[PDB]
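Chemist: If you scroll down you'll find the structure; I have some questions about it.
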Protein chains: 8
Amino acid sequence: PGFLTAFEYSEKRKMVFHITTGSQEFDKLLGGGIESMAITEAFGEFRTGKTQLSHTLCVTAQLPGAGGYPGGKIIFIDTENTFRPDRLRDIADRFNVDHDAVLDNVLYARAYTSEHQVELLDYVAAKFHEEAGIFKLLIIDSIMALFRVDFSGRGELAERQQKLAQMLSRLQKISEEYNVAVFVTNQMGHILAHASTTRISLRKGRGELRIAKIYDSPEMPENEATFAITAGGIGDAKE
Amino acid sequence: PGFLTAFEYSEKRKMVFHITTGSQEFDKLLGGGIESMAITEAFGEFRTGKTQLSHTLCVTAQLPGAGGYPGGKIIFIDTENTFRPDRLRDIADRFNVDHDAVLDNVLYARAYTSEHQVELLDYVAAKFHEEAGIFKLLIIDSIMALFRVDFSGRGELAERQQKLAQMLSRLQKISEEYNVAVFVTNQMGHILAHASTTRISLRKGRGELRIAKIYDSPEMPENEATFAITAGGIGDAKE
Amino acid sequence: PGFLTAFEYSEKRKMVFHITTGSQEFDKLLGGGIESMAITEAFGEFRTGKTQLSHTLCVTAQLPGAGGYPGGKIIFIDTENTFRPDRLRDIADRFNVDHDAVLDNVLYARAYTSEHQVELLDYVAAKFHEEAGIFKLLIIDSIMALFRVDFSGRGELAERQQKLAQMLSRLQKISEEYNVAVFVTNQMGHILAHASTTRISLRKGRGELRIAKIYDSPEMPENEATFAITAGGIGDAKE
Amino acid sequence: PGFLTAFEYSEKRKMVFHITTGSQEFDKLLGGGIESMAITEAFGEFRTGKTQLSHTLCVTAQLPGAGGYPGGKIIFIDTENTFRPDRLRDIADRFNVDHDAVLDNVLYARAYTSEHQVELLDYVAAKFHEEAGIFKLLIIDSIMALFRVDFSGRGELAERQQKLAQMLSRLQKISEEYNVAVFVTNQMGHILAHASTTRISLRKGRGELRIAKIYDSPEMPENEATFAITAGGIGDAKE
Amino acid sequence: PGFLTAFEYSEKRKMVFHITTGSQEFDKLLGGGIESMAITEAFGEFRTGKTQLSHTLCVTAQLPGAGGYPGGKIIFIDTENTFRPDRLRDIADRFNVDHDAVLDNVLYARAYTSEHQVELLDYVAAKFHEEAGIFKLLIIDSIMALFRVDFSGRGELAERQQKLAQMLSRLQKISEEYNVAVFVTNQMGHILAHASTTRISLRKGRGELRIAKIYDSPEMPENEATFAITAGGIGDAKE
Amino acid sequence: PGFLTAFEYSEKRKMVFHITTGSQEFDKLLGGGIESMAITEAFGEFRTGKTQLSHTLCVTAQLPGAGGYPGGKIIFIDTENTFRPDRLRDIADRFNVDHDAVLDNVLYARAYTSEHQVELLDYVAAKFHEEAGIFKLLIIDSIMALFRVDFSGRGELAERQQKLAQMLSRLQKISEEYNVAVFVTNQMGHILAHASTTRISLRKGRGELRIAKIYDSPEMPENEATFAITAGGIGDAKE
Amino acid sequence: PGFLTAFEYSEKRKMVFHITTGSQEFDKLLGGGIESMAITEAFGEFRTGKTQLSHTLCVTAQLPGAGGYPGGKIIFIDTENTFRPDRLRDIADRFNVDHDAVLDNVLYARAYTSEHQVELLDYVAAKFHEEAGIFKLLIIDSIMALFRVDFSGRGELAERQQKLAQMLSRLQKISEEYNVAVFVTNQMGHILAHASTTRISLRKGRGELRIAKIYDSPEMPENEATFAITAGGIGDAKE
Amino acid sequence: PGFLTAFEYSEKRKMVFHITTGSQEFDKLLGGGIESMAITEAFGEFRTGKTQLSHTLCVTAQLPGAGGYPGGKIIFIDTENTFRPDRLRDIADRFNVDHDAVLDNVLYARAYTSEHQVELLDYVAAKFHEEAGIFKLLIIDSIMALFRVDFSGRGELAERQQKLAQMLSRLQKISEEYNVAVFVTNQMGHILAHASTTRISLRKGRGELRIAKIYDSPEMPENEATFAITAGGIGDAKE
């Protein structure tokens, strides 16, 4: 039928894996870090480590780990233009890994237009449909932002809201249908809310550290997370 | 005639069966819990047990109950993406039931667009029409939440409010015609008011317990109900 | 001609009968209760006995009485969905009458859409045109309410007001032309005013009793009415 | 020429006849009561005797009166649905007249839509044209009340205000052309102002008596009139 | 050419005559009373003698007088419906003149619609074009008033202003081209200002008398006029 | 080329002639009075002598004057309907001139619609083109006043303001091309500002005398002018 | 290519010359006075010498001077109509030059319509394209002003702003492409800002003198300029 | 695939070269000055050295520099019309460079309309595509300023804001694809924000020196930079 059974679904869910953040405490919040068949969001301040984490994950997501997770090829659609292979080859070190590999290991794609963006989304599917199980993370940073551009003033939001969810929906059907992990950043019942299943909010704790809280995500803990950042990606904050 | 006689109608109502909430003092508010041939609603806070209640009944309605109610299949349409089979196999225990069974006792289907959500409903009918007396519940959680989305800013409500009831009615016709019990959750003269024949508002009384009140329903008691939430779904709150 | 004479009309009016309410004092207000060739309205509070009275009348209207009134077959178009044959078979007792009969005696019809509603109205005529004098009461509860739904925001009332009176008028032509009694409930120079020839307003007098006053109806008495309600329909309040 | 001479016109006016109000001090305000070839209006409160006055004249205008006025047939168009023949046979007595007669002396016709109301008027002319000197009065109560209805909210008045006078003129042309006396009741530079040549405002002076004043009419007296209301219609108020 | 010379025009102006008002002092204001090739206006209070004067002039304008003025046939287009041949035959007495003549002497025309009105205006020309020098006064009372009717709310004045001046202009071309006297009444740089060449304003001076001032008219005197009114038209107020 | 040389232009300007105002101290403000090839305007109060000035010049411009100005025909376009030849024959005296002459020295033409007003102007050109050097003045009083009229409420100015200059330019082209002196009166960056090259504002200094000031014109003196008004038109104010 | 090199451009710029103002100090501000391949603007007060300077420049621009500038034929498109050959033949004296020459030396063109204006602009090019190096100054006074006319109220600025810059741009392509000097006057990031490369503002310093400051122009000095005006154009203010 | 690999991408970035600002403490803010494959912006006051900086770099980017940067051709698109080659030959000195060379090292092109400005950009690409590695910079000053112009009042921004990014993207694609360094100046979530990857805000610290800060850019230092402006372009500010 147009839909399956409960057992049959619980059959699928046995594939829900988590890509780590390198910040154990942080991972604890997401009960293991980034999740699959789910879009994770990055709420941040003008200067936030999200664009930093993205790189991290560009690699945590290549290192087999927790709950028998393999690791794999990733897709980094960049709108902002903050992608830094250099930052990558730098992280692959904290995890002692071949550089050319880590890079050979990610798939880069710069977004320019609110149309170009989905031009890519609808493509990503294709590369996911060809061969699956190779690609474990579809990281788009940032999604909105480029949409806050090709709008037609505070008067044509009617096209923005409509157009946005036109793919932000198509983005869900990728996540749970092809089974992957979609990390997304931005700065906003807001359409891009029920859309993203897990919403992480970020605040700075004085340069070194940062505090990641949950705005809204199934089984959301009231407690906060204390993670640190370095050249080697995101990591736990020590004494 | 395009309508029946009061007697003939009473004929149909002898089939009106209640599906336990799991919390006796809750079932009393509904005089037996969730009722058939009627859209019931879930009025809850940011963090409400409805999401849990929804699974619970994915079970309760399999356990023969009062009124000589056999127990049957179920159709769960998830908009919010919070259906956790893993939670079901967890409750069947408190009811000493086969795990694989219960999970075969449920039909899952994720809703993505305010159009997909109906694309489904217009199909839920068919499966129901194809064969009857098998499916005893059609639970849609949550129903509105997806419509708040696809809308065209607060300027095209005229399309959403019209589209909304365009299906909400379709829901009713199913409910009473095919005779089931449709449970629906949300957080909102409102079109989705006359829509759902019974409406339950839920408030949390300090973590462990919950207070489910009746917003507006036939023969509505002033008194409130006190139920608790546990892995084994919902149940009464003892000393 | 397109219209008759005065005598000739006074000829017709000799058929204006009243269906009782079981509440003598109440009946006194309506100078005999519900009238014919006239639409009666029910102004009420959130919790009003109108939906209660409706059932009562489902039977008072089958019991020959006052001013040589026979009694007969009724039509209960329900929008809200509060129809309870059970409440009927319960009232038929206060009047010592065959149950299966009372039920066999009413014609049920659930309204779903503002269109469905009139789909029914324009039908009712047909069943009235076929054979008359059998049907003495066309009870619609509630009329508006379902219309306050398929509207297009506070901006398209232009279709509501227009559509409403498009049939609320057609509802008059049924009442006086086919000679019957149309009881209607709702909660609002309002179009549905001159439309309904008799308007009764209802207030509660502490659980047991209720006070029915007149908002506007030919020969309207300033005094109030004190009626009580029980399983056996509406009745006079005793000491 | 498309208009006559002053002399020739004076020719027609020798026919201008007054139809008693029943209350001499009222007739004086109208110098003989209701006047021919002129639309007169009824300005009353929530509970006003106009409704009664309307019947009264259904009689008065059958009783030969001053100015050698014979007395004639009548056309009563009821929008408000308050025409009670039973009330007529009641007054003919105070005038010692055959009951069946009076009631054969009146032509009844209920108005339902703001369109039906004219559908009629455009026919009232015909019956008048067919044969003349027979019908001495065309009473329409009330006229506006039905137009307030079919309108499209306060946003389409432009259609009602235009439609309104589209007939109100038709009324005038009848009045003066066919020579009758058209009486009309209501509760409102107003289009229905220049429309009705005479306007009477009525106020109740403690139940029994009533004060009918002149809002605006040719040769209008400051003094007021004091008439009483009784089963025998309207009449003077004695000591 | 499309226009003449000055001498040639001064040739025409030797025909500018004045129809009296019977109120010498008043006539002094208008330097002889009503003028020709000029539209005179009547500014008044709710109860003003304008509709009274009109009748007067219906006759002053038949009595040869001042500046070798003959007298003649008149046209009284009435919108309001206050025309009273009876009042005429009454004035013809103050001037000792055959009654049937005075009447035989005026041409009556009732205006009903803002269209009907000009239907008449454009006709009047025709009767003026056929034979001239017979008709010395075209009296329209009141002009506006009927226009304040067929408007489409305070929103379609765009048709009123435009339509009004569409003929109020055509009214000028009658006045100066056919050489006559156009007296007009109403109650309002207002379009109907530059339009009417002479504007008289009226105020009451305690029942009997009235004070006529000039709002704006070539060579307008600051002083006021004191005229009286009786059955015999307007006349000078004595000691 | 579609424009001439400065020398060639100076050629034309040697013809620029002034037409006396009649009041020497007024002529000085205009350095000789009304000037050729330039639209001059009349800024006056409710009661201003412009209307008089207009006639005056209908003469002055026939009386050979300074600058060896011969004197010529004239075209008077009256919107306001205040042209009184009788006034002209009155002034020619103060200038000892043939009456019949002066009045043959003027061309009259009444303007009715804002369209007629131009219908004319577009003809004034022709008569001018047909033969030249004959007409030395084109006086239009008043020009705006007629446009305030035909407009569509303050909501269609966009048509009037556009239509306005659509002719006002046509006026200019005449002025300078055909070389005349166009005088225009009114009571209003304003389109009719750059329009008229010279603008004169007039104020009355206690009946007898008048103060004409310059609102805005080439080489404008601060000092004011004091002229008097008399039957003999305008002239200086002696001791 | 569609554009040249830097050297190649610096090749052209060796033709940038300045037409003097006769006011050395003023010329110092513009580093030599009016510049070429650049539109200069005149910001002024109600009574400003701009229309005075224009004439001056009509001649300074014919007198070989500074930085080996020849002198030449000019184009004076006048909208306002303040052109005075007389003022010219007067200035040619301060510079001891043949009169008929100075005049024979300028090309006059009066602007009437916002369309006529550009009709001319697009023409000027043509006369510049035929033969160049003869015409050194295209003086338009004033540009805007006539545009503030053919607008369609404060609502159609959408055509004004658009239309204005449609040629004000075409005006740049004349200036730098054909190498000339365009002086423009008016009284207003305003479109006509970046448009005009040099903006001079003018204030009066008590009749005789005037102070010219810079609103915005490359290398704009904070200091002010003190120039005087006489019949002989603009000149330096002495002791 | 329509996008490359992270490794392959790192391949391209090894080419990212910085082009000196001339002020070492300025270059540090940009870690080497203006950066390749990125739109940098100039945030300045009314009087800012950007205009100068723009020329400077017309040189700097010809002088072999750090990162073994050779030095190349340049494309200068001037909207503001302030490009002064004369200024270039002036700086090459401080860098001991051939004058004719430098000026052959630059490609000039003036932008007139918001359409011309792109007409160009869409060509800048071609020349770039035709042959590569030759042009090392595409400087457009200023970019927005021309768009503020052609717009349709604040009511058609919807066209400008859309048109704006319609090219601003085109700019980006060039930048990173053809690998250059595009510098752009202006005075304004803003579409031209995500547009330019780096943004520099400039403030003047008392004539001689200037403070260039970073509004928002990757790895942005809090500290500010202090550079001076001189004929020799921009450079450091010594004791």
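Convention: chains lettered A, B, ... in structure tokens order; per-chain residue numbering from 1; ligands numbered from 1 as shown.
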Please identify which residues in segment 3-132 of chain G DSSP calls alpha helix (DSSP H) from the backbone, and express them as a PyMOL selection string.

Modeler: chain G and resi 6-12+24-29+50-60+85-94+99-104+114-130

Chemist: List every residue of segment 57-114 of chain B that DSSP, applied to the backbone of this structure, assigns to strand (DSSP E or B), and report them as a list in words.

Modeler: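 Going through segment 57-114 of chain B, the strand (DSSP E or B) residues come out as residues 65, 69, 73, 74, 75, 76, 77, 78, 107, 108, 109 and 110 of chain B.
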
Chemist: In Å to one decimal, how far is atom CA of residue 166 of chain F from atom CA of residue 79 of chain G?

Modeler: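 Those two atoms sit 15.6 Å apart.
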
Chemist: Find the residues near residue 125 of chain F: any atom within 9 Å, counting only C-alpha atoms, skip ones fewer than 4 places away on the same chain, and give them as a list in words.

Modeler: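 Counting only the stated atoms, we get residues 120, 121, 129, 130, 170, 171, 174 and 178 of chain F.
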
Chemist: Give me, as a ChimeraX atom specification, the contact residues of chain C against chain D at a cut-off of 12 Å, counting only C-alpha atoms.

Modeler: /C:1-14,16,37-39,154-177,189-198,215-222

Chemist: Quick check, in Å to one decimal: how far apart do atom CA of residue 54 of chain D and atom CA of residue 68 of chain D lie?

Modeler: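 Taking atom CA of residue 54 of chain D and atom CA of residue 68 of chain D, their separation equals 22.2 Å.
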
Chemist: Here is a test: counting only C-alpha atoms, which residue of D:231, D:111, D:19, D:30 is nearest to residue 92 of chain D?

Modeler: D:231

Chemist: Considering only C-alpha atoms, return as a list in words whatever protein or nucleic-acid residues lie within 6 Å of residue 141 of chain B, sequence-local ones (same chain, fewer than 3 positions apart) excluded.

Modeler: residues 78, 184 and 185 of chain B

Chemist: With only C-alpha atoms as the counted atoms, please give the residues lying no more than 10 Å from residue 133 of chain A, apart from itself and same-chain residues fewer than 5 positions off, as JSON, numbers by chain.

Modeler: {"A": [70, 71, 72, 73, 128, 178, 179, 180]}

Chemist: Grab the residues selected above and save them as a PDB file, in the first residue's frame with N, CA and C atoms.

Modeler:
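That gives us out09.pdb:
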ATOM      1  N   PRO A  70      29.161   2.518  10.293  1.00  0.00           N
ATOM      2  CA  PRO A  70      30.271   2.423   9.333  1.00  0.00           C
ATOM      3  C   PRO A  70      31.042   3.713   9.106  1.00  0.00           C
ATOM      4  N   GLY A  71      30.384   4.658   8.447  1.00  0.00           N
ATOM      5  CA  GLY A  71      30.993   5.931   8.113  1.00  0.00           C
ATOM      6  C   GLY A  71      30.836   6.014   6.610  1.00  0.00           C
ATOM      7  N   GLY A  72      31.026   7.187   6.009  1.00  0.00           N
ATOM      8  CA  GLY A  72      30.869   7.257   4.568  1.00  0.00           C
ATOM      9  C   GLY A  72      31.047   8.578   3.848  1.00  0.00           C
ATOM     10  N   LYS A  73      30.619   8.570   2.588  1.00  0.00           N
ATOM     11  CA  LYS A  73      30.694   9.720   1.689  1.00  0.00           C
ATOM     12  C   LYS A  73      29.653  10.767   2.114  1.00  0.00           C
ATOM     13  N   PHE A 128      21.651   9.764  -4.666  1.00  0.00           N
ATOM     14  CA  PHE A 128      21.315   8.907  -3.539  1.00  0.00           C
ATOM     15  C   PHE A 128      20.544   7.698  -4.049  1.00  0.00           C
ATOM     16  N   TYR A 178      15.753   7.755   2.105  1.00  0.00           N
ATOM     17  CA  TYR A 178      17.058   7.217   1.710  1.00  0.00           C
ATOM     18  C   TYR A 178      17.965   6.911   2.898  1.00  0.00           C
ATOM     19  N   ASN A 179      17.478   7.256   4.084  1.00  0.00           N
ATOM     20  CA  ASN A 179      18.205   7.022   5.315  1.00  0.00           C
ATOM     21  C   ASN A 179      19.582   7.666   5.278  1.00  0.00           C
ATOM     22  N   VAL A 180      19.668   8.880   5.823  1.00  0.00           N
ATOM     23  CA  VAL A 180      20.926   9.621   5.901  1.00  0.00           C
ATOM     24  C   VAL A 180      20.841  10.588   7.075  1.00  0.00           C
TER      25      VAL A 180
END
